[PDB]
Amino acid sequence: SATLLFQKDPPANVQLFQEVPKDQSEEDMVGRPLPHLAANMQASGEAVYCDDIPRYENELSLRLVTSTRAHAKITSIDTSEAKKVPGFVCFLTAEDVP
Amino acid sequence: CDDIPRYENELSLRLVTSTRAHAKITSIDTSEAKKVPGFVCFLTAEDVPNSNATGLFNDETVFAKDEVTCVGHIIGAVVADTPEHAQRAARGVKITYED
Amino acid sequence: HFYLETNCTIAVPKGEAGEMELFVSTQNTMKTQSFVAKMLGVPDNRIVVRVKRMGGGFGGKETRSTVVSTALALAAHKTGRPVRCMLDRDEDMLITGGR
Amino acid sequence: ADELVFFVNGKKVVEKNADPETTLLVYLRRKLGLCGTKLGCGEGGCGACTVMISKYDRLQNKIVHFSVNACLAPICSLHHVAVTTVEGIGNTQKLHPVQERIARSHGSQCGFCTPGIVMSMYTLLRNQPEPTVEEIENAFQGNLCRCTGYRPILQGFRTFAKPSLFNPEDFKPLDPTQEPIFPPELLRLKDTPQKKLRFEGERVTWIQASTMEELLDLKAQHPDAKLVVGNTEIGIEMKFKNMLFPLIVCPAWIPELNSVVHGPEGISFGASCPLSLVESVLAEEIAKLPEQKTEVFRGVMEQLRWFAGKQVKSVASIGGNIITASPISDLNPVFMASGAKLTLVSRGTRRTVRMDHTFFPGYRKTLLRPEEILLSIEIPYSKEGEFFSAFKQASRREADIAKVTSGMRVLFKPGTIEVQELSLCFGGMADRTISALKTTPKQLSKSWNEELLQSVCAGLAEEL
Amino acid sequence: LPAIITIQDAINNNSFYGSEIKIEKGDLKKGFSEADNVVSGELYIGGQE
Amino acid sequence: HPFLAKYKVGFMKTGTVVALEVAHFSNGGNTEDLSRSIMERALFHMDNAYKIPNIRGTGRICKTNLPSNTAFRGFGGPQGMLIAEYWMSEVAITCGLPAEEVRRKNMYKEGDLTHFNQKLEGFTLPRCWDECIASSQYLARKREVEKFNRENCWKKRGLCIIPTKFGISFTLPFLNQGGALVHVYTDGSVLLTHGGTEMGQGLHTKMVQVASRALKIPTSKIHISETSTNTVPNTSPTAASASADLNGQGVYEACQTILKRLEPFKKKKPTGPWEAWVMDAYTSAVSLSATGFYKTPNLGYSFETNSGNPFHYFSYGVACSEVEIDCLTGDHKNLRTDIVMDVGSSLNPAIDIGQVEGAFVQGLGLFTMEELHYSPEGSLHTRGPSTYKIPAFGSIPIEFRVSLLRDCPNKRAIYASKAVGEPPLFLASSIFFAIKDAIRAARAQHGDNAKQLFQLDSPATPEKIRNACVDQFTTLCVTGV
Amino acid sequence: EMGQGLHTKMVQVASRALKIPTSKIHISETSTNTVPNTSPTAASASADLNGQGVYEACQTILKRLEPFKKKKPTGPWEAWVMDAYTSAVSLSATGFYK
Ligand SMILES: Cc1cc2nc3c(=O)[nH]c(=O)nc-3n(C[C@H](O)[C@H](O)[C@H](O)COP(=O)(O)OP(=O)(O)OC[C@H]3O[C@@H](n4cnc5c(N)ncnc54)[C@H](O)[C@@H]3O)c2cc1C
Ligand SMILES: O=c1[nH]c(=O)c2[nH]c(=O)[nH]c2[nH]1
Ligand code: FES
Ligand code: FES
């Protein structure tokens, strides 16, 4: 068995669950396997997730700046290179918090 | 309302209206409207998914179907990228009437 | 009426389940909702009408706001894109009627 | 020229100012508003961005279909191809059977991975309308889902092969004739000779080279020109290591970099041949030729089983893997252990080297000169009494980075069990692909017995 | 500045969020002294993204 | 949260546990966040399924210069329970008795008090256990495993059956509340919203289902568009597996209010359609809009007196898993898993089976695949799928069997259902302990004492599995011998 | 709101009803998915109708806050509210008038 190249038997899946009472209305779906309501839209790529929302023509983009040290004092911050980037607007820090 | 910023993909609509008080719509020619840069489409009664019957007593058309019944009866709507382009395109919708 | 803000609708299609959101200068969110729903053939629970404020109504935006709202809702549904129409004064005065 | 022209969901796209840094995913979402294709990692591992490419293969006079990671596909590489996204195969008004079955079989929970998995499955079916259960699971090596635990996706799709949660009998059947046409405009355009293209972005110029002369002239004039083929390495260097190649040349169009030549000693693949093509070629040869001749081929195929998934292997080039020279390349140990013949050209020079330890002098370096490119690699037939194994162990079996990866070859003196040659090569044991050059020589002439097993193990323990 | 990374660095430096949380029931000294067998050990369980 | 545990268990030769002491430490990172409530939930589940007369657990949360750790499906329960099952595994081995018998005889019975003194009523775990035993064919397969292991030197199989108890309700009692708002428009269509958010668990699906029963109209007439702070304020997070419980009640109450207001119009036209009742209500100027609210009754535990019920009820389930390790590489196959899960009278068995499988596979990753590495100076190295290896298509049990327990209505939650999101995750520990079983067998194969309690930290990665399969190769590589 | 000062008036009403300053009450917009089936803003009626609605919505809240007010008759609004929240009492209410 040490020399065998990797091989898998095919899947064998069983899902057991209880049928609803037979006197239950066909319109009463509680206890029935109703697909996720957004399943089709989610298969079709029509379901909208946050970044799928179109941009406003005046919309800006934000990028967080994070520490590269586990524990340190911030001695200084230099934004001089950042300001040269086309479309640069501003760098927010603690002092901008209203 | 119009102070609300436009979405990047937002389109402009311009109504096209009857210039006769009572008349059958013989034909509609969008040929000039399509030459206008930005033109997307011309909406008419045929493009209404469900009901062309609107108004408080259900006696009004969303868009004119066969006859116009006032000067300013809404016949269709041009859709275009910008309002300037929607207006120009709207001028290129030539309508033929029979009073 | 000469409300200084003419009729205006933005319709924003949501891409799912016939959901649409309208921003409208109207005194009648309910009828705006109902008329757009029926025109599209979707239930009312899919249509949201939002009014922040109007630059005048005076009764002129009790019903006649919907002739713009419906045309625009349709354009948005059809294109999958936000659509906007604000009437020019000449348009508004011709289409929407008076006392 | 400078216009970039391709098709998306049947619709012609003309981009007049393509920026080499623009990925297909960003173009689809932000330029075309098609947000079905998702961003899940930007790294190539998650498949949330999977779309299908269709193109006319000039070398085979046929129309081909493959999946790619849109997050790693430069739009500048896609002149005269046709892209299919999730929006292209169906919608809620008319679901494609792929769409219907994943939905109805409860194979979509959060839904974010669903377009990706749908396009992997769809692409499978355009290539093989009746796949085996095995081919179906393999369609998803490059697709991750965090929600479903995978069972229902596979179960629902098993219907396409060969009290209940869903009813397969209610699924609409698939008619392959009803898929979108290949854009006739692209068949009209395949009658024109490919011209060199230049695209200029904010920071990067991209040259899509049409001929070997254009490529070699450019490398002679401008040796810093960075070759890009599949972008499955350079894409990561740019996005993640913030490296910038201001000049890129992409040679994927050049015939001699795409050729497959049968020779007396083995099979020569052009450097730009995708791994999926190496796979398809070697599989045919393995199935027809005698076992005795296909020991190295099977070595390569084994390593490719666990090499990312379909999306990466469709665009990842054989040459790309070799020149990247990662310490954990899964193929370089195999090429080294089989001493595969590499052909290196520049303008005005052609040479060959058997891959050995000297090919990789230092970290991520080869013995190529700045102005040289790798033209071809010959994967050899095995001889009588020549045996080969390949190995890989990572943290996960599928679509993982190797901890240790190996190629191993023995040639015996004919009719004996006495070693003539022995090559044991490893990734993941140094800053380069290495050969156990101290351990293997003292085994020459020894018999293949317990004493040899012990000598090598002790040798490897000290040497590595 | 001095960093505290691992659980052990934190124990070493008395770096906790708030105080010990505890549940106890019955009589431990008795239980242990009355058992046939005692087995002690340590387990580390990694996090998860 | 990573956990470190120090444990000492005392037990009889029968395997009966008579004393248990566990010190827990979590790595909380650089803000407090939910770290303390997580450690509470861990302490609440250090018993897992087992009655222990003399018991002491401590927990301390480490403050460190790492990113702040937070909630993850299970919320300290899985860490608590793996520890329980780890020493429990060692009790069985020390005792020379089968694992499944040692676990069964230490199991709580109906009416027992937990170490925190909550009574276990409607204790379905024994039924989960017996059904899983029979449906997994556990004893027969134990022999088949034994056999494979005699016949194979360099591959070994392992089989383990693990139970779980999981307390339902936020540990902070006042979070156990939720709200809904329902509008009926004059076309009869309903717009519903609640505080829950949809993240793939099919919550909106379940609430539409609930509302459709409550109002006695088709689900097609009810829509949910979104969650919004300006339709339902002051909402708890969608967490603690409880969101269907809380919002379901909320939705139900909003619906009852609307029914009460329609009942005069119903009485006047008992055959006439829904649409007519609504328009009749509208044109009689009755409000077609209502809120709904629910708070979970009678919760509140005190650490000081070790009294009060933290949970409204418990989830129970059992999983049997079989693995086959490759002793030479550390690779393994998950051959088969059998799960019996009590979700009460499921609101939606498709969705609940979905959550069992989803939860289980995340847990499978937690205990076998998923590993984060840091530099010694505390920088996360593992920052994408290239280095962080979550379960793939190929990772899941080849034969994967899930059963929802039959005939177990849970009175005190919406339409007799139970929460499902988190409780199944820990059951993937069954793969961890099956691997531990296979490792033992590989070790026995190289003349290792079989009451030897070798170390297996979690996750049980190829690295850890291979290194624990001590042989002539590991001995040479480490020792030089 | 079309310039007639309707929101101003309803804020004035809610302020008296709840006995808190107008500063603590805000109205952002009108929407079919917050209040359904609304009559048009018309017939000079809109302050009469909505004023009563607002009033009743405020009466419901006050009824829910009553017990927290009895326990702390002087302690401020903010305290009652946070108390009702931590006792799991709804702080949302519809109001209606015909
Ligand atoms: C998700 C993912 C999974 C992966 N899994 C694996 C794995 O399991 N095993 C493994 O080994 N690798 C793996 N890789 C690495 C990568 O897929 C391969 O190295 C790939 O073969 C690179 O091919 P490419 O054409 O994309 O190269 P590109 O990224 O286009 O170029 C790579 C390098 O090769 C040079 N180059 C390309 N062609 C030539 C030539 N003809 N002459 C000279 N230089 C040339 C380029 O200049 C560049 O320096 C993975 C990558 C991704 C993104
Ligand atoms: O008791 C819990 N409290 C929470 O806040 C929470 N969050 C979560 O995911 N699970 C749990 N459990
Ligand atoms: S976004 Fe994950 S592979 Fe492209
Ligand atoms: S369903 Fe959420 S990642 Fe696939």
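Residues numbered from 1 in each chain as written, not as in the entry; some residues may be left out. Chains lettered and ligands numbered in written order. Part of a larger assembly, values for the part shown. Heavy atoms only, no water. Residues with missing side-chain atoms left out of burial classes, pairs and counts.

Caption draft 1: Examining the site of ligand 2 more closely. Residue and element names in this part refer to chain F. Taken together, the neighbourhood of ligand 2 is formed by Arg41, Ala71, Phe75, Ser169, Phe170, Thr171, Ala239, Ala240 and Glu422. Within the backbone of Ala240, a nitrogen or oxygen atom sits 3.4 Å from a nitrogen atom of ligand 2. The separation between a nitrogen atom of ligand 2 and a polar side-chain atom of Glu422 is 2.8 Å. In isolation ligand 2 has 300 Å² of accessible area, and contact with the protein removes 91% of it. For the shell around ligand 2, the per-class residue count stands at five nonpolar, two polar and two charged. In terms of domain composition, the shell around ligand 2 takes at least three residues from each of domain 1 (1-120) and domain 2 (121-171 + 300-481). (Near = heavy atom within 4 Å. Polar contact = N/O pair within 3.5 Å; in protein donor to acceptor, adjacent residues only side chain to side chain. Areas by Shrake-Rupley, 256 points an atom, 1.4 Å probe, with all protein chains shown as cover. Nonpolar A, V, L, I, M, F, W, Y, C, P; charged D, E, K, R; others polar. Domains from an automatic or database assignment.)

Caption draft 2: Structural detail: the interface of chain E and chain F. Listed by partner, the interface residues are 41 residues for chain E and 73 residues for chain F. Here chain E packs against chain F, burying approximately 5200 Å² in sum over the two surfaces, 60% of which is carbon and sulfur. Taking the shortest distance from any N to any O, the salt bridge between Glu24 of chain E and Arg56 of chain F comes out at 3.9 Å. When contributions to the side of chain E that touches chain F are tallied by element, the ones reaching two or more residues are helix 1 (7-13), strand 1 (21-25), helix 2 (28-34) and strand 2 (37-45) of chain E. In terms of residue count, the dominant contributor to the side of chain E that touches chain F is strand 2 of chain E (nine residues). Across the side of chain E that touches chain F, the residue classes tally to 19 nonpolar, 13 polar and nine charged. (Contact = heavy atoms within 4.5 Å. Buried area = accessible area lost by both parts, 1.4 Å probe. Salt bridge = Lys/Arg side-chain N within 4 Å of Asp/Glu carboxyl O. Helix = DSSP H or I, 4+ residues; strand = E, 2+ residues; numbered from the N terminus.)

Caption draft 3: Fine view of the pairing of strand 12 (residues 341-346) of chain D. Residues and elements named next belong to chain D. Among the six residues that make up strand 12, five are buried, leaving the element largely enclosed by the rest of the structure. By the bridge criterion, six bridges tie strand 12 to strand 13 (residues 349-354) in an arrangement that is antiparallel. Within the sheet, the bridge partner assigned to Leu342 lies in strand 13 and is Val353. Adjacent in sequence and paired antiparallel, strand 12 and strand 13 are bridged by two residues, among which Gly348 carries a positive phi angle near 80°. Pairing of strand 12 with strand 14 (residues 373-380), which is carried by five bridges, proceeds in the antiparallel orientation. (Buried < 20%, exposed > 50% of the residue type's maximum accessible area, 1.4 Å probe, protein only. Pairing = 2+ DSSP bridges.)

Caption draft 4: Seen up close, the site of ligand 1. Residues and elements named next belong to chain D. Surveying the vicinity of ligand 1 reveals 29 residues, the closest of which are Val229, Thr232, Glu233, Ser317 and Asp330. For ligand 1, an oxygen atom lies 2.8 Å from a polar atom in the side chain of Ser317. Between an oxygen atom of ligand 1 and a side-chain N or O atom of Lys392, the distance comes to 3.0 Å. Coverage of ligand 1 by the protein amounts to 89% of the 990 Å² it exposes when considered alone. Where the shell around ligand 1 is concerned, the elements lending two or more residues are strand 8 (226-227), helix 13 (318-324) and strand 14.

Caption draft 5: Geometry of the packing of aromatic side chains. In the structure shown here, the tally under the stated rule is 34 aromatic pairs over all chains. A centroid spacing of 6.0 Å and a plane angle of 85° characterise the contact between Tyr252 of chain F and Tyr415 of chain F, whose relative ring orientation is edge-to-face. Here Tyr415 of chain F lies in the loop between strand 11 (399-404) and helix 10 (429-445) and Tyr252 of chain F lies in helix 7 (residues 243-268), a separation of 163 residues in the sequence. Residue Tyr252 of chain F is classed as partly exposed on the basis of its relative accessible area of 25%. Here a set of aromatic residues connected by ring pairs shows up, and it is made of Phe44, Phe116, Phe123, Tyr301, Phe303, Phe311, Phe314 and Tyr316 of chain F. Note that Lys8 of chain F overlies the ring of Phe32 of chain E, its terminal NZ or CZ placed 4.4 Å from the centroid. (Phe/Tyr/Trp six-rings, centres within 6.5 Å; stacked < 30°, edge-to-face > 60°. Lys NZ or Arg CZ within 6 Å of the ring centre and 35° of its normal.)

Caption draft 6: Examining a nonpolar patch on the surface more closely. Together, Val65, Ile74, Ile77, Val85, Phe88 and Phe91 of chain A line one region of the surface with nonpolar side chains, adding up to about 590 Å² of accessible area. Inspection of the secondary structure assignment puts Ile74 of chain A in the segment after helix 1 (39-44). (Patch = residues over 30% accessible without salt bridge, like charges linked within 9 Å, V, L, I, M, F, W, Y side chains within 5 Å.)

Caption draft 7: Representation of the sheet that holds strand 5 (residues 82-84) of chain D. Residues and elements named next belong to chain D. In spatial order, the strands read 2-1-5-3-4; together these five strands make up an open sheet with mixed pairing. The sheet is open, and its two borders are formed by strand 2 (11-15) and strand 4 (62-69), each paired with just one other strand. Neighbouring strand axes in the sheet, compared pairwise and without regard to direction, differ in orientation by 30° on average. Two elements, strand 3 (residues 50-57) and strand 4, share eight bridges in a ladder whose sense is antiparallel. Among the inter-strand pairings, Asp57 is bridged to a residue of strand 4, identified as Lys62. Of the strands in this sheet, strand 3, strand 4 and strand 5 touch helix 4 (residues 114-127), which is tilted by about 30° from strand 3. (Axes fitted to C-alpha atoms, helices over the stretch in contact; angles between N-to-C directions.)

Caption draft 8: View of the domain arrangement of chain F. All names here are of chain F. Under the domain assignment, chain F is made up of domain 1 (1-120), domain 2 (121-171 + 300-481) and domain 3 (172-299). The straight-line distance from the C-alpha centre of domain 1 to that of domain 2 is 15 Å. Contacts between the two partners involve 39 residues from domain 1, matched on the other side by 51 residues from domain 2. For the domain 1 face of the interface with domain 2, the top three residues by lost area are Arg73, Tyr86 and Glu100, together amounting to 18%. Run the count over domain 1 and domain 2 and you get two salt bridges. The salt bridge involving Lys165 is made with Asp47; its shortest N-O contact spans 2.8 Å. Linking domain 1 with domain 2 are 20 residue pairs in polar contact, by the criterion used here. Among the elements of the structure, helix 1 (35-44), helix 2 (77-95) and helix 3 (99-106) are those that each provide at least two residues to the side of domain 1 that touches domain 2.

Caption draft 9: View of the nonpolar core. One finds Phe157 of chain D together with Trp87 and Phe360 of chain F to be the most contacted residues of the largest nonpolar core, which totals 142 residues. Looking at this core element by element, the count peaks at ten residues for helix 2 of chain F. Those residues within four positions of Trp87 of chain F in sequence are excluded, and the remaining contacts are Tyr7, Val9, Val17, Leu20, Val22, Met46 and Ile52 of chain F. (Core = buried A, V, L, I, M, F, W, Y, C linked by side-chain atoms within 4.5 Å.)

Caption draft 10: A look at the UniProt feature "active site" in chain F. Residues and elements named next belong to chain F. UniProt feature "active site": in the numbering of this structure it lies at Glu422. As for its placement among the helices and strands, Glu422 is situated in the loop between strand 11 and helix 10. Looking at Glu422, the relative accessible area reads 8%, which means it is buried. Apart from the residues within four sequence positions on either side, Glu422 is in contact with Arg73, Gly74, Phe75, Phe166, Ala240 and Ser241. A distance of 2.8 Å separates the side chain of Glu422 from the side chain of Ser241, its partner in a polar contact. (UniProt positions renumbered as here; feature names shortened; annotations may be inferred.)

Caption draft 11: Structural view of helix 2 (residues 66-79) of chain C. Residue and element names in this part refer to chain C. The terminal C-alpha atoms of helix 2, which comprises 14 residues, lie 20 Å apart, in line with the 20 Å expected from a rise of 1.5 Å per residue. Counting buried positions over the 14 residues of helix 2 gives eleven, a clear majority of the element. All buried positions along helix 2 are accounted for by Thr66, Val67, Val68, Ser69, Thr70, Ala71, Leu72, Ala73, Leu74, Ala75 and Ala76. Following helix 2 by one or two positions, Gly80 adopts a phi angle in the positive range, close to 70°. (Expected span 1.5 Å × (residues − 1).)

Caption draft 12: A look at the side chain of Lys155 of chain F. Locating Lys155 of chain F in the fold gives a position in strand 4 (residues 155-168). Separated by 3.0 Å, the side chain of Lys155 of chain F and the backbone oxygen of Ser1 of chain A make a polar contact. A distance of 3.3 Å separates the side chain of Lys155 of chain F from the side chain of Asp326 of chain F, its partner in a polar contact. If near-sequence neighbours (up to four positions away) are discounted, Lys155 of chain F is found in contact with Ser1 and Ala2 of chain A together with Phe148, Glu324, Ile325, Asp326 and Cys327 of chain F.

Caption draft 13: Fine view of the pattern of salt bridges. Applying the stated criterion across every chain yields a total of 71 salt bridges over all chains. In this structure, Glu81 of chain A and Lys84 of chain A form a salt bridge, with 2.9 Å as the shortest nitrogen-oxygen distance. Judged on exposure class, the residue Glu81 of chain A and its partner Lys84 of chain A are both exposed. A salt bridge links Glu399 of chain F to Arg401 of chain F; the shortest N-O distance between them is 2.8 Å. Residue class for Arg401 of chain F comes out partly exposed when judged on its relative accessible area of 26%. Three or more residues are tied together by salt bridges with common partners; here these are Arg141, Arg157, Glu322, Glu324, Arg336 and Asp338 of chain F.

Caption draft 14: Expanded view of the sheet that holds strand 17 (residues 419-427) of chain D. Residues and elements named next belong to chain D. Spatial strand order, 15-16-17-18: four strands in an open sheet with antiparallel pairing. Each of the sheet's edge strands pairs with one partner strand only, and the pair in question is strand 15 (386-393) and strand 18 (434-435). The sheet contact formed by strand 15 and strand 16 (residues 404-412) spans eight bridges and is antiparallel. Residue pairing for strand 16: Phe391 is matched across the bridge by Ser406. In the packing of helix 11 (residues 295-305) onto the sheet, contacts are made with strand 15 and strand 16, and the angle to strand 15 comes to roughly 10°.

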